[PDB]
Structures are given as C-alpha cells and as structure tokens.
Amino acid sequence: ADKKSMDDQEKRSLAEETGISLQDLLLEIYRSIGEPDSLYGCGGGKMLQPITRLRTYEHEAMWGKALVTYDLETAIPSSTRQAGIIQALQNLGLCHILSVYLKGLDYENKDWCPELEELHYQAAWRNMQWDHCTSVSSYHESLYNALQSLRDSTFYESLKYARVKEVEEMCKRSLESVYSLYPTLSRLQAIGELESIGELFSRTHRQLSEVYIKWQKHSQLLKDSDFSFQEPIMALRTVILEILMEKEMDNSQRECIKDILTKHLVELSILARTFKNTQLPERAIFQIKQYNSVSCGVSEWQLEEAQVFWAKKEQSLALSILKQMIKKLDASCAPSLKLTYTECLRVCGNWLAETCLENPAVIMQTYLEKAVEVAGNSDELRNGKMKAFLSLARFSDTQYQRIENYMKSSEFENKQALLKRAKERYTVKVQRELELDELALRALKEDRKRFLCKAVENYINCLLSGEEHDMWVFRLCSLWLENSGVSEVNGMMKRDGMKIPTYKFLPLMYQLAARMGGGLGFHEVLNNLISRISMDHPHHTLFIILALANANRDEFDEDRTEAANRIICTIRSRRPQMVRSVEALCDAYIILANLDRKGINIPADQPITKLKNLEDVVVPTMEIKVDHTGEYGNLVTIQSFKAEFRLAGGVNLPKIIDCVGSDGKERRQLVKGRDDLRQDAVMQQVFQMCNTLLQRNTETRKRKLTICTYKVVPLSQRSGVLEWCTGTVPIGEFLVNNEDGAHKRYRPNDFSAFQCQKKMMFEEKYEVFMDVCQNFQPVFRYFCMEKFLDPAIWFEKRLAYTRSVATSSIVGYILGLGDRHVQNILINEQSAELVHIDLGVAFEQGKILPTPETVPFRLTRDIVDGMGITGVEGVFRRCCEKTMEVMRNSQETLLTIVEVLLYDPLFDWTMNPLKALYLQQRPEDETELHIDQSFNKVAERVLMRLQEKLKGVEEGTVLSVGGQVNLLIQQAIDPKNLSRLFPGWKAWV
Amino acid sequence: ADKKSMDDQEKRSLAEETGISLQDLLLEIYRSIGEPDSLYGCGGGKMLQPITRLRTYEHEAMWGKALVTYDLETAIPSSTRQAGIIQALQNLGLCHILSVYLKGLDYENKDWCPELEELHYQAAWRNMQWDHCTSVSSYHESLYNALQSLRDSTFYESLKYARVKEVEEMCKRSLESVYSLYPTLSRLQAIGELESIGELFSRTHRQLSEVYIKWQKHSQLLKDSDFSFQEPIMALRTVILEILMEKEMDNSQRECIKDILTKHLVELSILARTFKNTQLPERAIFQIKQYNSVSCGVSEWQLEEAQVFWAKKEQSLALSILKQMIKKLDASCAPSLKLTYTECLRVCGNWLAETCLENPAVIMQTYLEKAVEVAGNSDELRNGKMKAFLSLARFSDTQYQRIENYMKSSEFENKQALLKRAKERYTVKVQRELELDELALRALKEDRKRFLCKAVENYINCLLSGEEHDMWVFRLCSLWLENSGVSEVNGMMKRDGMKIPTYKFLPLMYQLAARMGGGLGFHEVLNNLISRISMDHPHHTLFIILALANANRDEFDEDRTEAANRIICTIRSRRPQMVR
C-alpha cells in the first residue's frame, strides 16, 4: 500500500493490477486477518455481489438474508458450500428445517458430506441425539460417534480418538493469526465438555450440579464469549442434557435437575437473549416447552419467556402471556420463587415498563404491586430488589421524571398555565382553581413527593440494595441534589443516607461537594454524611477534600463551603493524618506552581517547594495514583520527588515532575498555573464513568475499546495538579519531524502559516484549504507506522492505534469536544495510543466559538494517522456505532449525572464560559492577532442537543450513527468545514 | 355475545363454556370472516401459542418468524400443514431453498402431496418450468400439466380441463363471505393469464407487448391488488415469461422483449417494492440477473436495483452500487434512458437524498448534477422532472428548510449569535464579522435565495411539471407565502406563476386569499394571478370569492383585501355572471 501509495505518490510525483484486488486480497487478507470491522466496514471497500455479497451477508451474521442470499446463491457455485452456508444458515436458522434440510440433504451427492455428513453429524451434533446416530447412514462425526458412543465407555477412548484428532486440526492449524483458534479451542473447549461428560456415564446429581455449576462456572468462564463461538458450547452444554435427559430420566431429581439444565438451557436462552439471536433462543423455549419444562407450574420456563417479550420481538403477544403469567403466574403466585415471581412481577413491572402501556397507576398498581411483590420480599433478590427498587425508582423516576417533566417540562405548560394562572374579567372565572392548580402544583410536587419521593427511597432502597445503578443513583443523586437543600425527605434521604456505600457513593465526589457546605439538614447533613463518606477511603476522599480548600487557597461567596472545607478540615482534623502538609506540599506545589523562567529542559526545582520539601518523603502519599477500593487505605506513598524537574514549556509551563513514590515510581507530573482542573477534570471522571460505562458495556469490552483518561488533580483554583505522562502528540512537531521527515518537500508550516495567512477568507479559504491541501499531503499514515514496529503491532497496534485513534474519536461530538491541535489534542505512541488532551471546551463551547466548527475532527493525516485506509469509520464508525449504541444504550443513564454534570457549582465550564471564554481562551489570543436557567436552558438545549445527540439527529433522524457517522463523516468531510476551521485545526490544514 | 352480554347483564343483574372459545370460534368465525384486523388485532384476543401463535404468525405475513414458528411448529401436528406452511413459508421465503425443500419434500409420504405435489406443481408453478414438469414424479398440477402442456395445444384444452375444474372449486366455493374468492378469482384470474397465453403458442411481439401492456393493463387492472393475491398473478405473469423466454429466445426482439418482460418482472419487482416484500423482489433481480437482464449495459436492471437501496434494506451496499451505477451508470451515462439515467441521477439524487450523507453540495453537485441530468432533459419524464424538480425542490427545500431551519431555527442560534451579534470591550473584537454574519445572514438569505430560490423554481418547475406534489406545492406555496410579499423572486414566482394549473392550484383557496389583497408585485399580483386563477373554475372559485366579501358584509383593517375583494368583484364584474 505504502508502496502503491509511494507508487501513487510517485505516480502523483510522476504527475492484481490496480490491486484493489490485492486490496480485496488484502481484504481477503483482512479476511485472512479476520478482524471484524476490518472485516466488515473496514473490509467494506471490495465491491461485493460477488458471493462477497454473500460473504458479506456471511460476514453479516444474519442467516435469513444470507439464507436468502444463500437462496439467491443458488445462482452461485459452491452451492454445496452455499448449501453448507444454507446448512450454516439452517444451523443459524433452524432444525426440523434442517431436518427438512436433512431431507434437503437427501441431495444425492457425497463429496461435502465431508461437511454434510459431519454436518449431518453436526446435525447429530445438533440433534436426533442418539437418533441421528442411527441416521449416520469429523468433530461432529466423532460427536456423532460420541453420540451413540455416549449411549454407552470407549467414547472416552473415542473422545481421545478425537481429542487429539481434534488437536490434529489444531496441529493442522498454523500461522497463529486469530481466534477461531478459539473455535477450534472451542471445538477443543467442546471436547472438554465432552470429556467432562464421562463422570456422568460413571455417575451426585447434587455433585453434577456443580458440574453444571462448573458448566456454569465454565459458563462464568464463558462470560467471555462469542455466541458464534459459544453456540456449540451451549449447544454441547445443551446437548449435554440430551442423554443427561435420557439416562437421568431414571433419577427423578436428575430428571428434575434437567430443569436446572433447562434452567441452564434457559440461562443458555438467557444467554441467547444475551446472544441477542432469536432462533434456538426460541427453540430453547420450544425445547423448554419440549422439555419437561413443558411442565410449567411456576413457569420459570415462562419466566424465561420474558425472553419472548422481546424474544417475540414484540411483547404483548408475550407480555400478554407474561400478563397471562403475570395474571396466571401471578394467579399462580396467588416458594422463594415468589422472589422470582416478584422478580417476575418486577419483570412484569419491567414488562409493564416494557409495556409502557397502561396507567403508571397500573404499574403503581401492578408494578407497585410488583413493588409489593418486591415488598413480597437473595442478594440476587436484593439485586433484584435493587433491580426492583431501581425499577421502582426508575418507574417512579420515570413518573417522577415525567413528573419532573410534567413539573419542569410542563412548568412551561404550567407557564402556559401560569399564563392562565390568572388569565387576562370575572372573579367567578379567573381565581378559582389556581388553588387546585396550586394543589395540582402541590400534587405536582406531591407527584414528585409521590414519585420522586417514592423512587428516592426505591433509589435509596436500590442504592442500598446494591451496585451497578450507581450512575442512575448519581441521577437519583442528581435528583437528590435537586432534593438536596430541598425536600426534607432529602433529610430523610439523608436519614436514609445511613445506607451509603460511600465506596460506591464515592464517584460523586468531584461534583459531590459542590454545594456540600448550604442547607444544614441537607447540605451540611449531606456534607456530614459526605464527611462521613469522606472518612470512607478518605485517602480516596483526600484530594477533592484537599482540593476542596486548596482549589482556592492563596499564599500569594459561599466559602462557607470553604469554611465547611475547614469544617471538613475538622473532619480532616478528625483525620489524624494531618497529612495536609500534603496540601502544604500542594501549596508548596502551589508555591512550586507559583514558581516561575528559563526555557529548556529545566533543572533546579530546588528553590520552590523547599526543593520538594523533603523530596516528597513517604507519607499518606503517592498522590497521583488513581486507584481506590471499598477496602481503600492500603496504599503506597510519595516517598521521593525528583527535583530539578525539567521545565515543561507552556503558557503556564510545567516542569516535567516525576516524584518517586514509596514505590519510587516517579511519575512526571504536569503542573502549571492559571489552571482550573475540575472543569477539565470531571469530564475525565465522566470519561472514566464513560469508560466505566464503556466498561459497563461488555459490548464495549466486545468492542474492546475504552477511553483515555488523564490523571490530574484539582490543585489550585488557578492551578495545576496533573502528571505529564508520555509521548503525546507533537504531531506537528512530529510533522516538523515528518513534514521534515517523509513529508519533506511539500509546503511549509510557513505555507501553513501562509495558509494560516489565508485567515482573511471565505470560500477562497476552501480554495486556499484546497490549495493548502494540495500544498499538503497528510503523511501521518506513514508517521506512526514509522513509529510502529512489529508488523503485528504495526498492524495490530496500528489497528489498535487505529482503534485507539477511533477509540475516543467517537466521544467527541457526543462529548462536545475541545480544540484541534497536537496541542489541543494529544497522542502517545508511548502509549502506542492517542489521548486527546484538551479537556477545555464545553460541549457547544466550540460551537460557541467564534470560528466554531463541528466534527470529531480528525484531520486527513489524522485520518491517515487514524487509519492509513478504510474510510476507517468503516471500522471506526462500525466501532463508533457501538459508542452511539452505548450512548443510545446509556442515553438516560448517560444523561443521568451528565445532567448533574452541568449542574455543578464548578460548571461555569459547562457554561461554555465568558470573557468570550477568555477571548475564546484568547483563541490563540485570536491568533495573537485579532442565565443559569438559560445555561440550564442551554443545558436543556445541550440536553436537547444531548437528546439530539442521544437519539436525535439534526433531523431528529438520528440514523444511528452511521448516518450521524455519515453526518459525522460529513461533519468530518467538509472542505467547507475545513474552510470552517481556525488555526488550531487550521493546523490540520 | 349480546346474549352472553345480556346473560352477563343478567348475570350482572343476577348480582364453549365461557365462550371465549366461542369468541375464539368467533375469532375463528372472524377467521371464518377473515377480516384482517378483525383477524389480526381485533382477532387479537384469543390466547395464542396454540398454533394460533403460528396462525397468528400465519396471520402475520412474515414467513421467517412463521417459518421459525413453522420450524418451532415442528412441535405441532399438521406438520404436514406446517410443512405446507413451511412450503408457503418457503413459498414466501425462497426457491432453491424450496428446491432444497423439494429436497426437503423428499419426505417419503404422499398424502399432502395432494398439497405437496400440487405444491411441487406449485413449485413447478413456481419453477423448474418445464423441468418440474419432468419432476412430476391441481391448479398447479394443471399448471404443472399446463407447464409441459405449454411446451406444446391441448393445454388450451387442458386449460379448460382445468378452467371449470377450477371453477369447480368456485362451484365448490360456497357461502360467499369474502374475497380469496379473489384468490380463487385470482386462481381464476390466473387462468385468464394462462388462457391469455394461447395466442402466443399460436403467435407481433409488438402485438405481444400489448398483451404485456394488457398484462400491464391487467397490471393496471391489478392496480387493485393484494401482493398475496397478486403473488401468483405476477408469478404467473412472470411465469408467463418462462417459455416466453424459452421459445422467444428464437426471435431476438422477442428474446429482447423479455427485457420488457423483465421490465415487467422488474415492474413486478417494482410492484414487489410496492408489495414491500423482499424475497422474490430480490430473486427478481437474481432472475433479472439470471435473465438476460444479466446483460446490464444501461442497468435499468440495476436502475431497478434502486430497489436494493431499500431492497437491501440498507442502501449503500446498493447505493454504493447505485453510486457505482451512479458512477458507472453515470459513467455509462457518460439514449432517452438518459432520462432514466437522469431519473437514475434523480434516483441517485433520491438515493443521494436516500444517502442523506455527503454535502448538499454533493447533491448540489450530484443531485444538482442529477438536476443537470434533469437539465439533461416524457410527461413521465416531466413527472420525473416534477419528481426531479420536486426532489430538486425537496432537496433544495430540505436545504432551504435546513436553511429555513438554519435561518429560522438557527435564527435562535442566530439569536444566540445575535447574542454575540455585538457581544458584551474591543472594537477590534465585537464589530468585525457581523458584516460577514450579515453576509452570512445574507448568505442565509442567499441560501434560501439559493435553495428556497432554487427549489421554488424547482417547486414551480415541478409544480409546472405536473401533479401529485400539490401539498408540497402548498408548502412551496406556503413557502411562496413566506415568499409572498417578499423575495421578489416571488414576483418571479409570480412571473413563473404563468405555469399555474389553477385547477391544481385551486386547493389553496380557503387559505389562498388570506393576504391576497397586500404586496402589489406579489399579493396583488398574486391576487391578480389568484383572480386569474379565480377565473379558472370561477364556479369553484366562487364561494370563497363569494365569502371573500360576504364573510364580512353587513346589511345590519386590511379590508383592502375586502377592497381587493371588490377588485375581485371587478374580476367578478369581469365575470359576466353577476351571479352575486
């Protein structure tokens, strides 16, 4: 490619033949690679309708379309394959069908019986358990053998006879390039299950449960899964049941425990729900139905059919049956499965939430009845109870939110009603029901004081009841904030605040204190609890607590908070540590921060901070050091700080400051004044929470992507606490290397300055930009590639980097990101990764820019960097879709403290600030050349823009992302947007 | 029910046992009725997962789920039926599959071969045209017979031998409660097509086109349709092509005209698009592809694959191929199919609208190029030109609307920008680009004056170019109203107002006059045109015109309008009727 590119470059300079076939082959190599977006959308470029269309449809997981394609692929050769595909499709699709396809497999020709028989064996390995053994007129064949061989003994032998015969395939397997090794490993992992069997033919059932529990442990082990991979694993794990039914029919409890197997199968179906694939997931029920899970007294079977709520994609076929259960089962409810029933009721309520159909009162009956079923109420139940009290909250929250909307949203209506509050007359007319309207407004409050009250408890209850909603708690917290200082049930919430898993509760901290030091019965009481919380992992609590004052403290309005910070300092006095010498050290750091001016790598940190004031001797120490626990307080110290810290140049310059911990690990620290951290910072916490949310997406784990989080600290109101870590983008300097490097002989940064000298104008700028583009050739693909080595890495890391490049790249428009530059965003090939560093800009602050513009805004070279190919959205979007999906997934919870986010006392950043945002932070001092409600409204607008962002388009189209991506792509695309740029991204010029 | 209700009422007053089974039976009677919502959601109440779930899934048109259900319906008896269902599903679903299901129909048991063979015949009646005739080892069976009998002659006899043998079913049909009589009538209407054949075995091709055109007329006749019903109708109408391919391979133009048949098939696929059902609609392409509509120089075949834009539900697999066409075909474009190509370009623009992806400028290239392809430009084309100028309007309208939004919606942003209009200082700061912002606002206007202007013409052009957007015209009118009294291109629109199909233009009337009597160059000029329009079907125009004053007139502010109403009354004087 580079060769072709160079060749192209040469050909340009001059200004599989054409090798898109090679690219296809490379795609085929990308296929040979088999990397899913690199397969899918990064494999995108290949002009399918070849069977590539099928292969695409095959790349597509979707049997039917493929099956249709496979059907359409009657046109194509390898119809045997297409049949096998169809088989796979049938495998994907269905069974008696496949039996009919086994009938379809009559088929008269024996060659790919090598598949087909094995597939017939796989069909045995599917079904007709000992029957298809009779039908035997390969792993499957082995299984098929093993199948009857199961009916035994020397299956164990035969298993071995397969086992390495399998491993033979593994032996046969070569070049080590991918998983599906995994599938083999699965086919292996299969064998293990198969192997695992033999105890049974030997074999109590109680023990066997452990094996199920082991199979479950294996399933737990299989928490890492690919349904495709997992399919057999279950299928076997299921198929395990087959004679495990047959023989263990003998033992009733065993025949019973098949229920647990069914339950497992159900769980498998639950996993199928997880797999988010219909067919066996249905058939499972059928199987379950087919099973003695036909029997269905308590219909935990059907309780599974809560699958069918979305498993029939439509509920209410099901939800009716659920309702039927939720009647009949509730009627059947009319022992501990009562919890399940309650859970069912919760599920019913959930399904009723899923209903989103009858009165909240219906829920506030049925779900409140489900809540009464919750009142019908292990930790799982508690989790369920959380899941309930959460749903209970959530539902009430919904109602409350609806109420909140109906309050606040319909406050505008209530304004429209306040427009009618006394409308203008007749005293018999205007004045009367305003009392009721007040009572309504009271009811409106009382609705919150119903719902918001109830949920809060439920939230609290759920919050108490366990983990994983914590963001929604942060919303409930955000609610509790709206409640905080109000709604003395907040004090009751404070009274409920006994239940705080402060360890859980911790995250709020950066926000949490924002008001902590007004309302005594709340904020102080909260602050009290906060302090109480602060005590918990006070080490964790420290820096905010440290920041709490030290944000504003100076050795050279609502500071009652700062007073409360002293009152905290009393709690901090109550901390024996008196480690606040650290704060003094921070002040010494602030002094160090105060210190200032010979540009260079700079020795002589000595004068300041008492030369690191005993060199950061070990203490309640190791500041930067992000981790914390519920157990937290077993830690490391700071024990050295290397002085003479080479000055990191900057407007507020740092020194690269590496303080060697108790570990002596010396983390080069980013410290510069005139600096507000939390404004940047909690965005990280958000991004962290996002990453957590990302983490919260195993889909993101499936994406295997994440967010890049700077660890900084809120040192001073005007300064400073961070770690300047690694390898960041001096991309332009990298260009200044690489522009000087392979991009040598293109057009200067001066020409770019000449481009920057195009700042006058406007379409000419596009032309200029076009010229600038013509003047430039984003080599950055070549760039980190050069940085790259280990062509694995230089692919994979490159991919990873690309993935990395993509990885946050999604977040930005979602994020409402800051400025373009290798300064205004960074990347460490040190990290072999890109952490965009600005964290300046509010979501729309960039839109609020004079010379605003919009995109995730990777430049061409940044694209070229982002990927040297692929319309990398083809991956990146395909990746970033998940983000949107996750975003879409998270949206409400996403909003949740995201709501709280701009609600901060610190949130003037979230206000996209003034001084023209410091002259747009002196928007390069303009190239060194040239309403809280409204904020809330803007925030609402943001929230709208968020609601726009979160499932909305400009059209409200929202056109999940790929359109928005296409939009983003468009947003990325525009030479106009390019023309729309200013120096920071006119850098990108 | 009332009895039960009365019984209930009585039981209340007192205050299929329980007969929801009866209700189910009544549903089954509603089924016996067969009225779709009365079937479907009004049939809703019956507690399915019986095969009712299937029957529901069967009520559901959706093969796969049903097929899945049918698959799940391996559980159920009448698996033969479920198979037949599967067959129907396969019929709904697919073919080599059904062939595989014909393989699946190996199946060892002959009873519902009475279906299956007939279905195999229906599979013949599906496919393996003279081949499944060989596979014969019923309407379909008749067809299957007719199939080879087509290979002839006494098929015509055999047809009769079916024809009333069919009508026998009709005779057998009794109680007259529903269509599907229609399906029989279709199965009959089928026969007609089958009957219609015989001229061919006798048979020019030019004439035959009329029969296609007749089949099209029939299709026009089939404008009333149920895809379910229509399915065979097409399928036959398609299947008609089968030997119509085979024999008429002999005559090249005939072999060619199979393109028109393909075109018909394509139209059938278009109808399939209309049917809004994927499978054969795909297979059609495959068939088309399988056809000499494999050949694909101008890819009107692919121009159909604009199906695949949503026919692959996702475009851009296709739209890429479309783009590929819209490159390659546009490259191939680089004769009158140029209109189609333009239409394609329009479609491309439409697909580009469907893209909703790159710059409006991209459209304002590509679609404007499509508009240039529109400029590349019968009445259909004019309709297309409308469809273009409409899309052209619509796209611009979108842009203009976007502009309108970006104007008016972003007027709030422009208010947020007016908040920055002079923000508060530095005279080097606050004052500068407001001029550009004005120029932007100008550009914003100029955007409308690009888009709103362009669309308006396109709207006008489309408005001129024909019917059926008229509401969108009413929007363009509504736009023209925003334009009215403004945007002297409105006067140019008035100048364009020459094109008014006032008869079309009529509907606005109740609104239309609302301002008609301010801006002379517009409202009056409009009122003039309105009057001019009013002259058109002045009888229609009358009462509003009558109302125009008589709303307010009393024998016991902007009445310049009422004056204009008198000025209209002058035009009404210009009406000799003096019917006033």
# chains A, B, ... in the order shown; residues from 1 in each chain; ligands from 1
call {"tool": "closest_atom_pairs", "arguments": {"of": "chain B", "to": "chain A", "cutoff": "8 Å", "atoms": "only C-alpha atoms", "output": "CSV"}}
result
residue,atom,partner,partner_atom,distance
B:47,CA,A:321,CA,7.6
B:64,CA,A:64,CA,7.8
B:68,CA,A:94,CA,7.0
B:71,CA,A:97,CA,5.9
B:72,CA,A:283,CA,6.3
B:74,CA,A:96,CA,6.1
B:75,CA,A:286,CA,7.4
B:93,CA,A:68,CA,7.6
B:94,CA,A:71,CA,6.4
B:95,CA,A:71,CA,6.7
B:96,CA,A:71,CA,5.8
B:97,CA,A:71,CA,5.8
B:99,CA,A:104,CA,7.9
B:100,CA,A:104,CA,4.5
B:101,CA,A:104,CA,5.7
B:102,CA,A:104,CA,7.1
B:103,CA,A:104,CA,4.2
B:104,CA,A:104,CA,4.0
B:105,CA,A:103,CA,7.0
B:106,CA,A:103,CA,6.2
B:107,CA,A:103,CA,6.5
B:279,CA,A:68,CA,7.2
B:282,CA,A:72,CA,7.9
B:283,CA,A:72,CA,6.4
B:286,CA,A:72,CA,6.6
B:290,CA,A:75,CA,7.6
B:321,CA,A:47,CA,7.7
B:356,CA,A:963,CA,7.5
B:357,CA,A:966,CA,5.2
B:358,CA,A:970,CA,5.5
B:359,CA,A:970,CA,6.6
B:428,CA,A:930,CA,6.3
B:429,CA,A:930,CA,6.6
call {"tool": "select_by_dssp", "arguments": {"residues": "range 44-245 of chain A", "states": "alpha helix (DSSP H)", "output": "VMD selection string"}}
result
chain A and resid 51 to 59 63 to 72 79 to 93 96 to 104 113 to 126 131 to 134 139 to 151 154 to 172 181 to 197 199 to 202 205 to 221 227 to 245
call {"tool": "atom_distance", "arguments": {"atom1": "CA of residue 158 in chain A", "atom2": "CA of residue 198 in chain A"}}
result
11.6 Å
call {"tool": "closest_residue", "arguments": {"among": "B:573, B:120, B:153, B:300", "to": "residue 137 in chain B", "atoms": "only C-alpha atoms"}}
result
B:120
call {"tool": "residues_around", "arguments": {"residues": "residue 595 in chain A", "least_positions_apart": "4", "cutoff": "8 Å", "atoms": "only C-alpha atoms", "output": "mmCIF file with N, CA, C and O atoms, in the first residue's frame"}}
result
data_model
loop_
_atom_site.group_PDB
_atom_site.id
_atom_site.type_symbol
_atom_site.label_atom_id
_atom_site.label_comp_id
_atom_site.auth_asym_id
_atom_site.auth_seq_id
_atom_site.Cartn_x
_atom_site.Cartn_y
_atom_site.Cartn_z
ATOM 1 N N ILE A 590 1.765 24.460 45.011
ATOM 2 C CA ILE A 590 1.243 25.742 44.581
ATOM 3 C C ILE A 590 2.363 26.738 44.567
ATOM 4 O O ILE A 590 2.516 27.491 43.613
ATOM 5 N N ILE A 591 3.179 26.740 45.611
ATOM 6 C CA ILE A 591 4.393 27.522 45.549
ATOM 7 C C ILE A 591 5.208 27.090 44.363
ATOM 8 O O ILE A 591 5.629 27.917 43.550
ATOM 9 N N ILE A 608 11.909 26.158 44.855
ATOM 10 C CA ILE A 608 10.489 26.039 45.149
ATOM 11 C C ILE A 608 10.240 24.839 46.045
ATOM 12 O O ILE A 608 11.088 23.945 46.160
#
call {"tool": "atom_distance", "arguments": {"atom1": "CA of residue 448 in chain A", "atom2": "CA of residue 486 in chain A"}}
result
12.1 Å
call {"tool": "decode", "arguments": {"residues": "range 121-235 of chain B", "atoms": "C-alpha atoms", "output": "mmCIF file, in the first residue's frame"}}
result
data_model
loop_
_atom_site.group_PDB
_atom_site.id
_atom_site.type_symbol
_atom_site.label_atom_id
_atom_site.label_comp_id
_atom_site.auth_asym_id
_atom_site.auth_seq_id
_atom_site.Cartn_x
_atom_site.Cartn_y
_atom_site.Cartn_z
ATOM 1 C CA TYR B 121 -46.677 -28.426 -9.024
ATOM 2 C CA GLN B 122 -46.926 -25.071 -7.327
ATOM 3 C CA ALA B 123 -43.193 -25.431 -7.280
ATOM 4 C CA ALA B 124 -43.462 -26.241 -10.880
ATOM 5 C CA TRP B 125 -45.934 -23.396 -10.851
ATOM 6 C CA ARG B 126 -43.117 -21.753 -9.122
ATOM 7 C CA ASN B 127 -40.220 -23.001 -11.090
ATOM 8 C CA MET B 128 -38.304 -25.662 -12.906
ATOM 9 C CA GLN B 129 -40.600 -24.524 -15.604
ATOM 10 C CA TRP B 130 -40.760 -27.434 -17.984
ATOM 11 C CA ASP B 131 -38.261 -29.028 -15.643
ATOM 12 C CA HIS B 132 -40.523 -29.562 -12.698
ATOM 13 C CA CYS B 133 -42.852 -30.963 -15.308
ATOM 14 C CA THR B 134 -40.165 -33.595 -15.599
ATOM 15 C CA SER B 135 -40.162 -33.564 -11.809
ATOM 16 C CA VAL B 136 -43.822 -34.527 -11.685
ATOM 17 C CA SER B 137 -42.604 -37.892 -10.447
ATOM 18 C CA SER B 138 -54.479 -29.436 -9.083
ATOM 19 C CA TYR B 139 -54.341 -25.877 -10.229
ATOM 20 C CA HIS B 140 -50.649 -26.144 -10.058
ATOM 21 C CA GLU B 141 -50.805 -29.746 -11.212
ATOM 22 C CA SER B 142 -52.925 -28.435 -14.002
ATOM 23 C CA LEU B 143 -50.366 -25.733 -14.363
ATOM 24 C CA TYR B 144 -47.741 -28.408 -13.990
ATOM 25 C CA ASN B 145 -49.623 -30.149 -16.679
ATOM 26 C CA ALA B 146 -50.108 -26.848 -18.393
ATOM 27 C CA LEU B 147 -46.424 -26.308 -17.870
ATOM 28 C CA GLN B 148 -45.378 -29.022 -20.186
ATOM 29 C CA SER B 149 -48.726 -28.562 -21.833
ATOM 30 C CA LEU B 150 -47.357 -25.162 -22.520
ATOM 31 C CA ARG B 151 -44.344 -26.796 -24.133
ATOM 32 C CA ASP B 152 -46.771 -27.651 -26.915
ATOM 33 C CA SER B 153 -52.006 -27.097 -27.773
ATOM 34 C CA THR B 154 -54.418 -29.121 -25.741
ATOM 35 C CA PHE B 155 -53.090 -27.197 -22.881
ATOM 36 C CA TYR B 156 -55.824 -24.951 -24.148
ATOM 37 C CA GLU B 157 -57.987 -27.974 -23.755
ATOM 38 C CA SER B 158 -56.230 -28.878 -20.551
ATOM 39 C CA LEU B 159 -56.718 -25.299 -19.521
ATOM 40 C CA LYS B 160 -60.405 -25.698 -19.972
ATOM 41 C CA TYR B 161 -59.971 -29.082 -18.382
ATOM 42 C CA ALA B 162 -58.790 -27.044 -15.523
ATOM 43 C CA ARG B 163 -60.721 -23.933 -16.245
ATOM 44 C CA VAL B 164 -64.003 -25.067 -14.876
ATOM 45 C CA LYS B 165 -62.244 -27.739 -12.893
ATOM 46 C CA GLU B 166 -61.036 -24.619 -11.296
ATOM 47 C CA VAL B 167 -64.497 -23.157 -11.396
ATOM 48 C CA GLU B 168 -65.436 -26.391 -9.788
ATOM 49 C CA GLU B 169 -63.583 -25.090 -6.821
ATOM 50 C CA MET B 170 -65.541 -21.941 -7.316
ATOM 51 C CA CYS B 171 -68.562 -24.121 -7.597
ATOM 52 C CA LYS B 172 -67.182 -25.890 -4.592
ATOM 53 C CA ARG B 173 -66.695 -22.448 -3.175
ATOM 54 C CA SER B 174 -69.813 -21.546 -1.248
ATOM 55 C CA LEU B 175 -71.257 -19.079 1.325
ATOM 56 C CA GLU B 176 -69.846 -16.054 -0.499
ATOM 57 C CA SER B 177 -68.418 -14.474 2.597
ATOM 58 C CA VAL B 178 -65.112 -12.995 1.434
ATOM 59 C CA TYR B 179 -62.538 -12.476 -1.178
ATOM 60 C CA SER B 180 -59.952 -15.186 -1.720
ATOM 61 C CA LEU B 181 -62.825 -15.866 -3.667
ATOM 62 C CA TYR B 182 -60.477 -13.330 -5.031
ATOM 63 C CA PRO B 183 -57.677 -15.857 -4.658
ATOM 64 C CA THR B 184 -59.817 -18.289 -6.429
ATOM 65 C CA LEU B 185 -60.802 -15.409 -8.633
ATOM 66 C CA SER B 186 -57.117 -14.912 -8.822
ATOM 67 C CA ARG B 187 -56.646 -18.586 -9.388
ATOM 68 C CA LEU B 188 -59.282 -17.840 -11.922
ATOM 69 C CA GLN B 189 -57.666 -14.595 -12.901
ATOM 70 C CA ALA B 190 -54.651 -16.778 -13.162
ATOM 71 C CA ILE B 191 -56.414 -18.989 -15.613
ATOM 72 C CA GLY B 192 -57.162 -15.970 -17.701
ATOM 73 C CA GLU B 193 -53.498 -15.231 -17.962
ATOM 74 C CA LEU B 194 -52.983 -18.882 -18.619
ATOM 75 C CA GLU B 195 -55.794 -18.675 -21.090
ATOM 76 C CA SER B 196 -54.328 -15.467 -22.410
ATOM 77 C CA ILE B 197 -51.226 -17.414 -23.291
ATOM 78 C CA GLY B 198 -52.581 -19.408 -26.141
ATOM 79 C CA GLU B 199 -52.242 -16.612 -28.655
ATOM 80 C CA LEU B 200 -48.550 -16.937 -28.002
ATOM 81 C CA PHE B 201 -48.235 -20.614 -28.853
ATOM 82 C CA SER B 202 -50.174 -19.541 -31.888
ATOM 83 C CA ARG B 203 -48.076 -16.395 -32.262
ATOM 84 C CA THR B 204 -46.495 -9.398 -33.012
ATOM 85 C CA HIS B 205 -44.042 -9.421 -30.319
ATOM 86 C CA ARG B 206 -45.030 -5.842 -30.879
ATOM 87 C CA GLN B 207 -48.566 -7.061 -30.523
ATOM 88 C CA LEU B 208 -47.473 -9.233 -27.642
ATOM 89 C CA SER B 209 -46.278 -6.100 -25.910
ATOM 90 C CA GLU B 210 -49.871 -5.016 -25.873
ATOM 91 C CA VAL B 211 -50.597 -8.272 -24.112
ATOM 92 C CA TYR B 212 -47.870 -7.349 -21.738
ATOM 93 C CA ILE B 213 -49.346 -3.896 -21.873
ATOM 94 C CA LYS B 214 -52.507 -5.833 -21.361
ATOM 95 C CA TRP B 215 -50.791 -7.843 -18.701
ATOM 96 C CA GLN B 216 -49.783 -4.355 -17.716
ATOM 97 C CA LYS B 217 -53.311 -3.215 -18.300
ATOM 98 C CA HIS B 218 -54.164 -6.256 -16.277
ATOM 99 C CA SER B 219 -51.490 -4.974 -14.003
ATOM 100 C CA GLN B 220 -53.115 -1.619 -14.259
ATOM 101 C CA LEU B 221 -56.234 -3.612 -13.623
ATOM 102 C CA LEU B 222 -54.171 -5.144 -10.900
ATOM 103 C CA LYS B 223 -53.553 -1.715 -9.520
ATOM 104 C CA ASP B 224 -56.096 -3.124 -7.196
ATOM 105 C CA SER B 225 -54.088 -5.863 -5.639
ATOM 106 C CA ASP B 226 -53.091 -7.954 -2.704
ATOM 107 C CA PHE B 227 -49.492 -8.952 -3.032
ATOM 108 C CA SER B 228 -50.571 -12.205 -1.516
ATOM 109 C CA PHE B 229 -53.242 -12.326 -4.105
ATOM 110 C CA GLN B 230 -51.029 -10.658 -6.649
ATOM 111 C CA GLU B 231 -48.243 -13.026 -5.991
ATOM 112 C CA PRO B 232 -49.215 -15.672 -8.472
ATOM 113 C CA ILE B 233 -50.619 -13.062 -10.732
ATOM 114 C CA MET B 234 -47.169 -11.742 -11.072
ATOM 115 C CA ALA B 235 -45.764 -15.181 -10.570
#
